[PDB]
Amino acid sequence: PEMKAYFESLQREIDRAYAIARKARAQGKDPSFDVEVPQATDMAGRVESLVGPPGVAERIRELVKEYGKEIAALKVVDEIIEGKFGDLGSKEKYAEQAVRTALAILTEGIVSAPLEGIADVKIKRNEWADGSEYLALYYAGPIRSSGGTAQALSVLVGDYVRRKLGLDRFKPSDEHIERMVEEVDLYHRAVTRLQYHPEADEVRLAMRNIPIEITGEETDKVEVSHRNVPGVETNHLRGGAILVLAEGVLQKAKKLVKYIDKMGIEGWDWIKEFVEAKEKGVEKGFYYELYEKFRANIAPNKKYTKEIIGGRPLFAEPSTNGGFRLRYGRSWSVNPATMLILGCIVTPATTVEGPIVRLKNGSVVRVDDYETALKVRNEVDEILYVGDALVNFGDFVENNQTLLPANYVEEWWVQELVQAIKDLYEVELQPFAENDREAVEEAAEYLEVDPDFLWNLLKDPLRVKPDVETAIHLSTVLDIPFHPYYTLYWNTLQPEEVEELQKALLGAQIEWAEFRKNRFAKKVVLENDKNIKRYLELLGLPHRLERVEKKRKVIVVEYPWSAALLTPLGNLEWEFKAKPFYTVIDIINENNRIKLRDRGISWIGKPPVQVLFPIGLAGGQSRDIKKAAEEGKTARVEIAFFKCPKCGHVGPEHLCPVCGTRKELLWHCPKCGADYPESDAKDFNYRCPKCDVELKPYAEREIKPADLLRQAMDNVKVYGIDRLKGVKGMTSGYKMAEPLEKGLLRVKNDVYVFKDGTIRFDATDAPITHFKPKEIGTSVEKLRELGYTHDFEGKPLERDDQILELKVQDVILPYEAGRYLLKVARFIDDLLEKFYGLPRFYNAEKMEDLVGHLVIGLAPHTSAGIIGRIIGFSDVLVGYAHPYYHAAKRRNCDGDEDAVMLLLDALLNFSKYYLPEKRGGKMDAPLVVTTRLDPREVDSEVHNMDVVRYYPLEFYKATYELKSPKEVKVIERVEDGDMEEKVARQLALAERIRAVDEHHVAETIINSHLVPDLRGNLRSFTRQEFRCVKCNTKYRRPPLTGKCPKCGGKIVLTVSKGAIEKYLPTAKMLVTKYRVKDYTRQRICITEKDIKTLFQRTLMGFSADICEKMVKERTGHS
Amino acid sequence: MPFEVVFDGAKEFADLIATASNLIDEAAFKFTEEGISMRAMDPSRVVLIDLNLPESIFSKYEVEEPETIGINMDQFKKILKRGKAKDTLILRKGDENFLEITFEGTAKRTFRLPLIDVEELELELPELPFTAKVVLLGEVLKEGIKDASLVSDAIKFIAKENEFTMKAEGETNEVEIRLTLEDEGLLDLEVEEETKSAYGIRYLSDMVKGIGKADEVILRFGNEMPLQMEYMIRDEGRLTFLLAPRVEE
Ligand SMILES: [Zn+2]
Ligand SMILES: [Zn+2]
Ligand SMILES: [Zn+2]
């Protein structure tokens, strides 16, 4: 009832915003009478947002919940084809509504393919092959932001369409297949470098196996050789046909068989054979065997190949697996202590621990918090340990992904503890929570520990960790392994360094201590002259260097690191020996009283638009409207005007400036030269009686802003304006003008607008699980006022430092959105106070005052925006989201950044008439808002409570059998940059240089930027573009003319000699700083080319000149 | 590695840092028990810098173990920019890789700066006779270079037995600077045979900008041999520069 009452409060707020939107919208100052944007209750309302039909929502709620969207979609297709929603017309209309509607049902309205992806649906005939009919899908421009899965699924729908209508399969001829292959190659070589490059045989056969044909209009202006192809309308490059064909089916072939097998459609054995074609790939320790199984796996080697081809080639260490520590979580978290110091989305978090860092003076200290990094950041030499990361179990990774073995965490160790005392001392101890005083009391009696320490240990094992003597005291009795926190990564180097290492420790000054029969050393005093401490550095052991005692290097390992260091060696009792097929920990655990577990066996990882006023080039160079209205420049563009029947005012204004009556639209007949008001146009059904043409609303004519801008400043009574600019051309369908007063307030409110008429701010969010008020900086009284009553533990929300869960409609935006959207709220308030005459609704003066209001989040290629509520502010430029607020289905379409707008802003500024007709970006328009997101109060409301660090044993014990993340049964058995990035490359590259031990191998990372400089200097070198001073857009021919014949100015040439000379010393100093081969010719050929083009004999090669030094080596060797 | 050295005066060394910063951009002063030295070349291949400062220049000189540190010319140049010669320059380096520059003058200014890891390749310079060694003042070089660099960009050095001349030509503006032993700007001449060579005065401009007025300047060069110019500091230190001759017209 809490979340239900909160939903009721949200509904009341939306009702109030609708009341204000109707009292202000009723004035007629907007191109609408009522609220255009509706609200959606569930997915049924979101499906109807795209194409409808208006009334299928009942069948969606009654069939999707019962039979599933796979069967319910087919049922809806059957209802449309059989004519249950109304007589549409020809079979192309029923097939079109079935594909768009069914596509909207299967994708749950997440994609905008029925809206901006699919242009048309036309049934054609295969007259050139047999004469049978087939289905042809016409795709529009924006298709890449729709995802490759659904693009394939649509075709499957066609397989049903022709199954229900009675069409036939499409027969690609030889010319069609070769033309499509030519489009894949040309589209792949120049336009966009795809991931998987298809082969002619599989495009030929697979394309032959596709039932219906898919094509589209001209997307990329790329001419083809195969021209005038029968059955093809255009002779250009169709990006939609390639992305749906290659990246749609071939990329998702390992899931498309699951959709086909899930729906129950027969005739897709070719994709099944295609999946099958992808399957053409005593003295032995256990840990060594687990490593053999880890190496035998194809997932880490293939992903390591993709990261090694997709980045720095042959620079990472092959022995130490670089990346974050694999920390599983329930369906990313990175310590921000290493973000500013040095793919996927880097989610910031301050709950997990931090890695260890080597200082410049020789010591090694760990950095757990961000403050230490701010202190020791000035002496960081390299970053051995990257950090931690939580990987969700439902991590959607297809194409046969294996589940790598889980690291030995401190939580599973607690489970090992409660099962050890449960199996040995029969004490019942429930880990991951606080127990009663009796069980903890007797456990503290048997284990001889502190009950409070056991409370804080069971409470938080990561924060509270035992020392070394209690761990040794509890390992030699319960027969449990050593503590993971004080466990070094012994499986990081050959055992020879260990065998020599213990011998180096035999002669070291080691003092021993005895505590409860525990013989553990206190400190070790050893010299680095006998053996290198590189293995010790690889173990991550904090030590201290000292050279003031006239000795070279006397490093000392003090407590508790000394005892944790000599514990695996068995206190130097048993001698370690290098054995074949036996690792170090295997030989240690072979003869030792304390067991060990391998912890680290896994490592992972504009536009400046202010008003919709088409000004064109009349604004000068920056399209300034104020300059055109001031000077008197006219704009001969295509615009529409309105007409006032009562008064007689004609203008782009909505309300008559002179009179007090509302004016209507004007319709101009294109053929004739007459204007018809909206009242007269609707009487003749928008048809001119004389000319039998459609009356277009807009027409090309002149525009005088001197007389238009003045008529708008007196309305809202404003005079302080700085600069206002419009657009070059209206991209909407109707091309309707925007009231200028809105811009008159935007220029003084310091806000910007887009083509959709809404102020949408682009931001970046992340899914979270739980947090504390301390990390967000929110008081208990504030959270109580937000509506929070109790936590997930049932206790009332009284403790500040307490783990609290997050609700659905809660967002935490950064300071930029608070101040900006705060200025947007002031724009709405100012818009209501003088332009609409209604009282203010936001009444927000500070950033924190914005808490409590409602926002709307819109995603690319989405027709619905999820209403949210601001609850706080974060220092980081990115925001925070919720998995219920941001579902997992919308994340798979490569959508991270979202557009944030205000509720009342869209309710009072959005208009449907501003929809584009041919073009379109990543999102079209906030057509439907969604607010009801009840997360199964009876079903999932309980499942969501137990998500706070739910780490079972079946996963840690069952992960050694090389399972897959897709095998959810293991869990269900228990559940039932040129500035920052450039310097980042300069520092990380040097770290890689320090990592490879001055052994550089040829690579292409900076060369990836050096090749365009080479082809740009050589290309523009022979161009020599002549541009005079007066004329800029008038280029002169490459031959020399002496002077510009048009203007009396000297001609200026661009041979690209002085602009590229700035990026050359950037990498030239780095390349010059090392002697490497196969690259000297590219480095010295261009600079010597500049020398030969422009035209100091150096006494010798002291500037790192590999020319004289190298040739001298070869000559003297000969 | 830790060491401390106290040199009296700040401006005299600031002239060396000024000349070095105007002639090199990245250098790492190597520290030896004999003194502070630095053998490097400008990264644009214009001059060759060789600083030799014995321990006799320094008042206090305390070394534990010889080692090499890198010093930025810009930052260290800005430190001794307004540094008065009446102060007490103090260089201290302890266990950590920090540099402590304490000034004991009108106001004790204990400074601290990190020391970057310069990868300077220690390169030496070979030995061969030049047969043209002259001893001239510094001010005569100042007025002789700053006036001829405006009329031309290359200057020609010619030295004969008891004769010295530096003539530079151009389009319509010629110049020459002829000095002998009986003049008042030329101290000594050790010319044995006829010597003539051409160099770029544009390098000589910034090369001589940091010279003094009474400092004895010794030049060693040859016909096809490079240019060498060395001068002493407090009668003990030696600063030698060597630049490659111009192979152009
Ligand atoms: Zn009117
Ligand atoms: Zn007409
Ligand atoms: Zn011209």
# chains A, B, ... in the order shown; residues from 1 in each chain; ligands from 1

$ interface_residues --of "chain A" --to "chain B" --cutoff "8 Å" --atoms "only C-alpha atoms" --output "list in words"
residues 360, 361, 548, 1096, 1097, 1098, 1099, 1102 and 1103 of chain A

$ write_last_selection --atoms "N, CA, C and O atoms" --output "mmCIF file, in the first residue's frame"
data_model
loop_
_atom_site.group_PDB
_atom_site.id
_atom_site.type_symbol
_atom_site.label_atom_id
_atom_site.label_comp_id
_atom_site.auth_asym_id
_atom_site.auth_seq_id
_atom_site.Cartn_x
_atom_site.Cartn_y
_atom_site.Cartn_z
ATOM 1 N N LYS A 360 55.976 6.032 -5.240
ATOM 2 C CA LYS A 360 57.175 6.362 -5.981
ATOM 3 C C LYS A 360 58.419 6.082 -5.167
ATOM 4 O O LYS A 360 59.442 5.678 -5.728
ATOM 5 N N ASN A 361 58.340 6.239 -3.851
ATOM 6 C CA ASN A 361 59.503 6.016 -3.005
ATOM 7 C C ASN A 361 59.884 4.548 -2.830
ATOM 8 O O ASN A 361 60.922 4.275 -2.221
ATOM 9 N N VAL A 548 68.984 4.385 4.127
ATOM 10 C CA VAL A 548 69.725 5.385 4.880
ATOM 11 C C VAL A 548 70.727 4.704 5.781
ATOM 12 O O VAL A 548 71.621 5.358 6.339
ATOM 13 N N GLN A 1096 70.274 22.076 -41.558
ATOM 14 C CA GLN A 1096 71.243 22.161 -40.474
ATOM 15 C C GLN A 1096 71.906 20.810 -40.237
ATOM 16 O O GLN A 1096 71.510 20.069 -39.336
ATOM 17 N N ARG A 1097 72.916 20.495 -41.048
ATOM 18 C CA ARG A 1097 73.643 19.241 -40.898
ATOM 19 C C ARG A 1097 74.009 19.046 -39.436
ATOM 20 O O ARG A 1097 74.822 19.800 -38.901
ATOM 21 N N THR A 1098 73.425 18.041 -38.788
ATOM 22 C CA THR A 1098 73.691 17.788 -37.378
ATOM 23 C C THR A 1098 75.034 17.090 -37.211
ATOM 24 O O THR A 1098 75.353 16.142 -37.934
ATOM 25 N N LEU A 1099 75.816 17.561 -36.239
ATOM 26 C CA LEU A 1099 77.129 16.981 -35.996
ATOM 27 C C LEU A 1099 77.033 15.488 -35.716
ATOM 28 O O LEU A 1099 77.955 14.732 -36.042
ATOM 29 N N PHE A 1102 72.160 12.926 -31.715
ATOM 30 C CA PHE A 1102 71.915 12.979 -30.280
ATOM 31 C C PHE A 1102 70.465 13.282 -29.932
ATOM 32 O O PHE A 1102 70.093 13.180 -28.758
ATOM 33 N N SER A 1103 69.641 13.642 -30.910
ATOM 34 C CA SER A 1103 68.223 13.872 -30.688
ATOM 35 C C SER A 1103 67.415 12.590 -30.760
ATOM 36 O O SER A 1103 66.215 12.637 -31.054
#

$ residues_near_ligand --ligand "ligand 2" --cutoff "7 Å" --atoms "only C-alpha atoms and all ligand atoms" --output "list in words"
residues 669, 670, 671, 672, 673, 674, 688, 689, 690 and 691 of chain A

$ select_by_dssp --residues "stretch 369-527 of chain A" --states "strand (DSSP E)" --output "JSON, numbers by chain"
{"A": [388, 389, 390, 391, 392, 509, 510, 511, 512, 513, 514, 515, 518, 519, 520, 521, 522, 523, 524, 525, 526, 527]}

$ write_last_selection --atoms "C-alpha atoms" --output "PDB file, in the first residue's frame"
ATOM      1  CA  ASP A 388      36.631  -4.290  -8.307  1.00  0.00           C
ATOM      2  CA  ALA A 389      33.535  -4.778 -10.481  1.00  0.00           C
ATOM      3  CA  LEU A 390      30.118  -6.383 -10.012  1.00  0.00           C
ATOM      4  CA  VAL A 391      28.981  -8.565 -12.896  1.00  0.00           C
ATOM      5  CA  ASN A 392      25.315  -9.428 -12.949  1.00  0.00           C
ATOM      6  CA  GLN A 509      65.966 -11.452  10.248  1.00  0.00           C
ATOM      7  CA  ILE A 510      62.668 -12.920  11.318  1.00  0.00           C
ATOM      8  CA  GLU A 511      61.324 -12.685  14.833  1.00  0.00           C
ATOM      9  CA  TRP A 512      58.647 -15.017  16.099  1.00  0.00           C
ATOM     10  CA  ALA A 513      55.818 -14.607  18.541  1.00  0.00           C
ATOM     11  CA  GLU A 514      53.470 -17.043  20.237  1.00  0.00           C
ATOM     12  CA  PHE A 515      49.782 -16.267  20.819  1.00  0.00           C
ATOM     13  CA  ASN A 518      50.246 -19.545  17.492  1.00  0.00           C
ATOM     14  CA  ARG A 519      53.842 -19.195  16.372  1.00  0.00           C
ATOM     15  CA  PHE A 520      53.729 -16.309  13.947  1.00  0.00           C
ATOM     16  CA  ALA A 521      56.471 -13.928  12.940  1.00  0.00           C
ATOM     17  CA  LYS A 522      56.304 -10.234  13.696  1.00  0.00           C
ATOM     18  CA  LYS A 523      58.658  -8.781  11.113  1.00  0.00           C
ATOM     19  CA  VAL A 524      61.069  -9.915   8.440  1.00  0.00           C
ATOM     20  CA  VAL A 525      64.236  -7.984   7.649  1.00  0.00           C
ATOM     21  CA  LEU A 526      65.563  -8.946   4.241  1.00  0.00           C
ATOM     22  CA  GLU A 527      67.807  -7.444   1.585  1.00  0.00           C
TER      23      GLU A 527
END

$ select_by_dssp --residues "chain B" --states "helix (DSSP H, G or I)" --output "ChimeraX atom specification"
/B:11-23,73-79,139-148,201-208

$ write_last_selection --atoms "N, CA, C and O atoms" --output "short mmCIF file (atom, residue, chain, number, x, y, z; two decimals), in the first residue's frame"
data_model
loop_
_atom_site.label_atom_id
_atom_site.label_comp_id
_atom_site.auth_asym_id
_atom_site.auth_seq_id
_atom_site.Cartn_x
_atom_site.Cartn_y
_atom_site.Cartn_z
N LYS B 11 71.00 34.66 -8.42
CA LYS B 11 70.90 35.27 -9.74
C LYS B 11 71.95 34.72 -10.70
O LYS B 11 71.65 34.51 -11.89
N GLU B 12 73.18 34.46 -10.21
CA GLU B 12 74.24 33.92 -11.06
C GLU B 12 73.88 32.56 -11.62
O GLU B 12 74.15 32.26 -12.79
N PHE B 13 73.25 31.74 -10.81
CA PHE B 13 72.78 30.48 -11.32
C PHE B 13 71.51 30.64 -12.16
O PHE B 13 71.29 29.85 -13.08
N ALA B 14 70.70 31.67 -11.87
CA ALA B 14 69.52 31.94 -12.68
C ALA B 14 69.87 32.35 -14.09
O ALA B 14 69.03 32.20 -14.99
N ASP B 15 71.07 32.88 -14.31
CA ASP B 15 71.53 33.14 -15.67
C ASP B 15 71.83 31.85 -16.40
O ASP B 15 71.61 31.75 -17.61
N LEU B 16 72.37 30.87 -15.69
CA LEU B 16 72.62 29.57 -16.28
C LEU B 16 71.31 28.87 -16.60
O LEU B 16 71.18 28.24 -17.65
N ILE B 17 70.34 28.95 -15.69
CA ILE B 17 69.02 28.37 -15.94
C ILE B 17 68.31 29.11 -17.04
O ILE B 17 67.54 28.52 -17.81
N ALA B 18 68.56 30.41 -17.15
CA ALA B 18 67.95 31.18 -18.22
C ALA B 18 68.55 30.80 -19.57
O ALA B 18 67.81 30.57 -20.53
N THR B 19 69.88 30.72 -19.64
CA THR B 19 70.55 30.32 -20.88
C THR B 19 70.17 28.89 -21.28
O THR B 19 69.90 28.62 -22.45
N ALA B 20 70.14 27.98 -20.30
CA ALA B 20 69.75 26.60 -20.57
C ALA B 20 68.30 26.49 -21.01
O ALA B 20 68.00 25.78 -21.97
N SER B 21 67.39 27.20 -20.34
CA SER B 21 65.98 27.17 -20.70
C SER B 21 65.74 27.77 -22.07
O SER B 21 64.84 27.34 -22.79
N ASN B 22 66.53 28.78 -22.45
CA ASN B 22 66.43 29.34 -23.79
C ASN B 22 67.16 28.51 -24.83
O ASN B 22 66.93 28.72 -26.03
N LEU B 23 68.02 27.57 -24.42
CA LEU B 23 68.74 26.72 -25.37
C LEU B 23 68.31 25.27 -25.32
O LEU B 23 68.59 24.53 -26.26
N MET B 73 62.90 23.19 -16.65
CA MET B 73 63.57 24.47 -16.83
C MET B 73 62.62 25.61 -16.60
O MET B 73 63.03 26.70 -16.21
N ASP B 74 61.35 25.38 -16.89
CA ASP B 74 60.36 26.43 -16.79
C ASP B 74 60.05 26.74 -15.35
O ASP B 74 60.10 27.90 -14.94
N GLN B 75 59.73 25.71 -14.59
CA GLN B 75 59.36 25.90 -13.21
C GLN B 75 60.54 26.43 -12.43
O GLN B 75 60.45 27.47 -11.76
N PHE B 76 61.68 25.76 -12.57
CA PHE B 76 62.90 26.19 -11.90
C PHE B 76 63.38 27.53 -12.40
O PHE B 76 64.06 28.27 -11.68
N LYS B 77 63.06 27.85 -13.64
CA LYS B 77 63.36 29.17 -14.14
C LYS B 77 62.50 30.22 -13.45
O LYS B 77 63.01 31.28 -13.06
N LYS B 78 61.22 29.93 -13.25
CA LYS B 78 60.34 30.86 -12.55
C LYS B 78 60.67 31.01 -11.09
O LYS B 78 60.33 32.03 -10.49
N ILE B 79 61.30 30.01 -10.50
CA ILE B 79 61.69 30.12 -9.11
C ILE B 79 62.79 31.16 -8.94
O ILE B 79 62.67 32.10 -8.14
N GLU B 139 80.38 41.10 -23.98
CA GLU B 139 79.61 42.24 -24.44
C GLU B 139 79.82 42.50 -25.93
O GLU B 139 78.88 42.88 -26.65
N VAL B 140 81.05 42.31 -26.40
CA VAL B 140 81.36 42.48 -27.82
C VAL B 140 80.60 41.46 -28.65
O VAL B 140 80.13 41.75 -29.76
N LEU B 141 80.42 40.27 -28.09
CA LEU B 141 79.60 39.26 -28.75
C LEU B 141 78.13 39.67 -28.76
O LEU B 141 77.42 39.42 -29.74
N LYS B 142 77.68 40.33 -27.68
CA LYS B 142 76.30 40.80 -27.61
C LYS B 142 76.01 41.79 -28.72
O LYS B 142 75.20 41.51 -29.61
N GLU B 143 76.72 42.92 -28.73
CA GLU B 143 76.50 43.94 -29.75
C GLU B 143 76.87 43.47 -31.15
O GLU B 143 76.32 43.99 -32.13
N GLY B 144 77.75 42.48 -31.27
CA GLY B 144 78.14 41.99 -32.58
C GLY B 144 77.13 41.05 -33.19
O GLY B 144 77.03 40.96 -34.41
N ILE B 145 76.36 40.36 -32.36
CA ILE B 145 75.37 39.41 -32.84
C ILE B 145 74.00 40.04 -32.97
O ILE B 145 73.32 39.84 -33.98
N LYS B 146 73.60 40.86 -31.98
CA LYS B 146 72.27 41.46 -32.00
C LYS B 146 72.10 42.47 -33.12
O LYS B 146 70.97 42.73 -33.54
N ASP B 147 73.19 43.03 -33.63
CA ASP B 147 73.09 43.98 -34.73
C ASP B 147 73.14 43.31 -36.10
O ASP B 147 72.47 43.77 -37.03
N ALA B 148 73.89 42.21 -36.25
CA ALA B 148 74.00 41.54 -37.54
C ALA B 148 72.86 40.56 -37.79
O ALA B 148 72.65 40.15 -38.94
N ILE B 201 73.16 32.76 -37.32
CA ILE B 201 73.19 33.75 -36.27
C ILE B 201 71.92 33.69 -35.45
O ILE B 201 71.89 34.18 -34.32
N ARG B 202 70.85 33.10 -36.00
CA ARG B 202 69.60 32.95 -35.27
C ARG B 202 69.77 32.04 -34.06
O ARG B 202 69.07 32.21 -33.05
N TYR B 203 70.72 31.11 -34.11
CA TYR B 203 71.02 30.28 -32.96
C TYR B 203 71.96 30.99 -32.05
O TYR B 203 71.94 30.80 -30.83
N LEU B 204 72.78 31.84 -32.64
CA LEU B 204 73.73 32.60 -31.87
C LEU B 204 73.06 33.70 -31.08
O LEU B 204 73.61 34.13 -30.06
N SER B 205 71.87 34.14 -31.50
CA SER B 205 71.13 35.18 -30.79
C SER B 205 70.70 34.72 -29.40
O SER B 205 71.11 35.29 -28.38
N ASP B 206 69.90 33.66 -29.35
CA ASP B 206 69.50 33.09 -28.08
C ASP B 206 70.65 32.38 -27.39
O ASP B 206 70.63 32.21 -26.17
N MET B 207 71.66 31.96 -28.16
CA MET B 207 72.82 31.33 -27.58
C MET B 207 73.65 32.32 -26.78
O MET B 207 74.23 31.95 -25.74
N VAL B 208 73.69 33.58 -27.20
CA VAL B 208 74.47 34.60 -26.51
C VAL B 208 73.61 35.52 -25.64
O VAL B 208 74.16 36.36 -24.92
#

$ residues_near_ligand --ligand "ligand 3" --cutoff "12 Å" --atoms "only C-alpha atoms and all ligand atoms" --output "PyMOL selection string"
chain A and resi 1026-1036+1041-1052

$ write_last_selection --atoms "C-alpha atoms" --output "compact mmCIF listing (two decimals), in the first residue's frame"
# COMPACT_ATOMS: atom_id res chain seq x y z
CA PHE A 1026 42.95 28.81 -53.64
CA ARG A 1027 40.58 31.05 -51.69
CA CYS A 1028 40.75 34.78 -52.00
CA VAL A 1029 40.26 37.10 -49.06
CA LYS A 1030 36.91 38.59 -50.11
CA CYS A 1031 35.35 35.40 -51.43
CA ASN A 1032 35.41 32.35 -49.21
CA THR A 1033 32.89 29.97 -50.73
CA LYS A 1034 34.35 30.63 -54.18
CA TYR A 1035 37.17 28.15 -54.60
CA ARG A 1036 39.64 28.53 -57.42
CA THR A 1041 45.84 32.04 -61.92
CA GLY A 1042 48.00 34.75 -60.37
CA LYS A 1043 45.12 36.61 -58.76
CA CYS A 1044 41.44 36.08 -58.16
CA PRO A 1045 39.50 37.27 -61.25
CA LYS A 1046 36.36 37.96 -59.17
CA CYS A 1047 37.82 39.81 -56.21
CA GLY A 1048 40.92 41.96 -55.93
CA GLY A 1049 42.50 39.89 -53.23
CA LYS A 1050 45.42 37.58 -53.04
CA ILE A 1051 44.65 33.93 -53.24
CA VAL A 1052 45.35 31.82 -50.19

$ residues_near_ligand --ligand "ligand 1" --cutoff "9 Å" --atoms "only C-alpha atoms and all ligand atoms" --output "list in words"
residues 643, 644, 645, 646, 647, 648, 649, 650, 655, 656, 657, 658, 659, 660, 661, 662 and 663 of chain A

$ write_last_selection --atoms "N, CA and C atoms" --output "PDB file, in the first residue's frame"
ATOM      1  N   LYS A 643      -4.952  33.036 -40.247  1.00  0.00           N
ATOM      2  CA  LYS A 643      -5.891  34.063 -40.629  1.00  0.00           C
ATOM      3  C   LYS A 643      -6.907  34.266 -39.520  1.00  0.00           C
ATOM      4  N   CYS A 644      -7.320  35.518 -39.333  1.00  0.00           N
ATOM      5  CA  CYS A 644      -8.301  35.857 -38.317  1.00  0.00           C
ATOM      6  C   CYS A 644      -9.588  36.230 -39.019  1.00  0.00           C
ATOM      7  N   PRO A 645     -10.644  35.443 -38.868  1.00  0.00           N
ATOM      8  CA  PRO A 645     -11.896  35.759 -39.563  1.00  0.00           C
ATOM      9  C   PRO A 645     -12.592  36.976 -38.999  1.00  0.00           C
ATOM     10  N   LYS A 646     -12.609  37.112 -37.678  1.00  0.00           N
ATOM     11  CA  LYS A 646     -13.346  38.206 -37.067  1.00  0.00           C
ATOM     12  C   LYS A 646     -12.603  39.514 -37.228  1.00  0.00           C
ATOM     13  N   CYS A 647     -11.356  39.530 -36.793  1.00  0.00           N
ATOM     14  CA  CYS A 647     -10.565  40.744 -36.833  1.00  0.00           C
ATOM     15  C   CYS A 647      -9.961  40.971 -38.211  1.00  0.00           C
ATOM     16  N   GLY A 648      -9.175  40.020 -38.690  1.00  0.00           N
ATOM     17  CA  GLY A 648      -8.551  40.165 -39.984  1.00  0.00           C
ATOM     18  C   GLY A 648      -7.045  40.183 -39.907  1.00  0.00           C
ATOM     19  N   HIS A 649      -6.484  39.797 -38.766  1.00  0.00           N
ATOM     20  CA  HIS A 649      -5.036  39.779 -38.648  1.00  0.00           C
ATOM     21  C   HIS A 649      -4.479  38.526 -39.303  1.00  0.00           C
ATOM     22  N   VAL A 650      -3.408  38.709 -40.063  1.00  0.00           N
ATOM     23  CA  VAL A 650      -2.727  37.627 -40.757  1.00  0.00           C
ATOM     24  C   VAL A 650      -1.301  37.617 -40.248  1.00  0.00           C
ATOM     25  N   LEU A 655      -2.615  33.779 -31.434  1.00  0.00           N
ATOM     26  CA  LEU A 655      -3.659  34.665 -30.956  1.00  0.00           C
ATOM     27  C   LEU A 655      -3.497  36.031 -31.611  1.00  0.00           C
ATOM     28  N   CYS A 656      -4.619  36.674 -31.920  1.00  0.00           N
ATOM     29  CA  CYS A 656      -4.619  37.969 -32.609  1.00  0.00           C
ATOM     30  C   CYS A 656      -4.004  39.040 -31.706  1.00  0.00           C
ATOM     31  N   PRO A 657      -2.906  39.692 -32.113  1.00  0.00           N
ATOM     32  CA  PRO A 657      -2.280  40.716 -31.248  1.00  0.00           C
ATOM     33  C   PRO A 657      -3.112  41.970 -31.054  1.00  0.00           C
ATOM     34  N   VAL A 658      -3.943  42.323 -32.023  1.00  0.00           N
ATOM     35  CA  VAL A 658      -4.746  43.535 -31.959  1.00  0.00           C
ATOM     36  C   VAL A 658      -6.040  43.229 -31.224  1.00  0.00           C
ATOM     37  N   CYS A 659      -6.804  42.281 -31.747  1.00  0.00           N
ATOM     38  CA  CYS A 659      -8.092  41.913 -31.176  1.00  0.00           C
ATOM     39  C   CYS A 659      -7.912  40.924 -30.032  1.00  0.00           C
ATOM     40  N   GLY A 660      -9.023  40.397 -29.536  1.00  0.00           N
ATOM     41  CA  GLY A 660      -8.971  39.449 -28.449  1.00  0.00           C
ATOM     42  C   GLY A 660      -9.565  38.122 -28.846  1.00  0.00           C
ATOM     43  N   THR A 661      -9.772  37.926 -30.142  1.00  0.00           N
ATOM     44  CA  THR A 661     -10.354  36.692 -30.632  1.00  0.00           C
ATOM     45  C   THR A 661      -9.242  35.808 -31.175  1.00  0.00           C
ATOM     46  N   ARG A 662      -9.441  34.505 -31.058  1.00  0.00           N
ATOM     47  CA  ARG A 662      -8.459  33.548 -31.530  1.00  0.00           C
ATOM     48  C   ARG A 662      -8.610  33.360 -33.028  1.00  0.00           C
ATOM     49  N   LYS A 663      -7.486  33.316 -33.724  1.00  0.00           N
ATOM     50  CA  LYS A 663      -7.544  33.108 -35.154  1.00  0.00           C
ATOM     51  C   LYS A 663      -7.286  31.653 -35.483  1.00  0.00           C
TER      52      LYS A 663
END
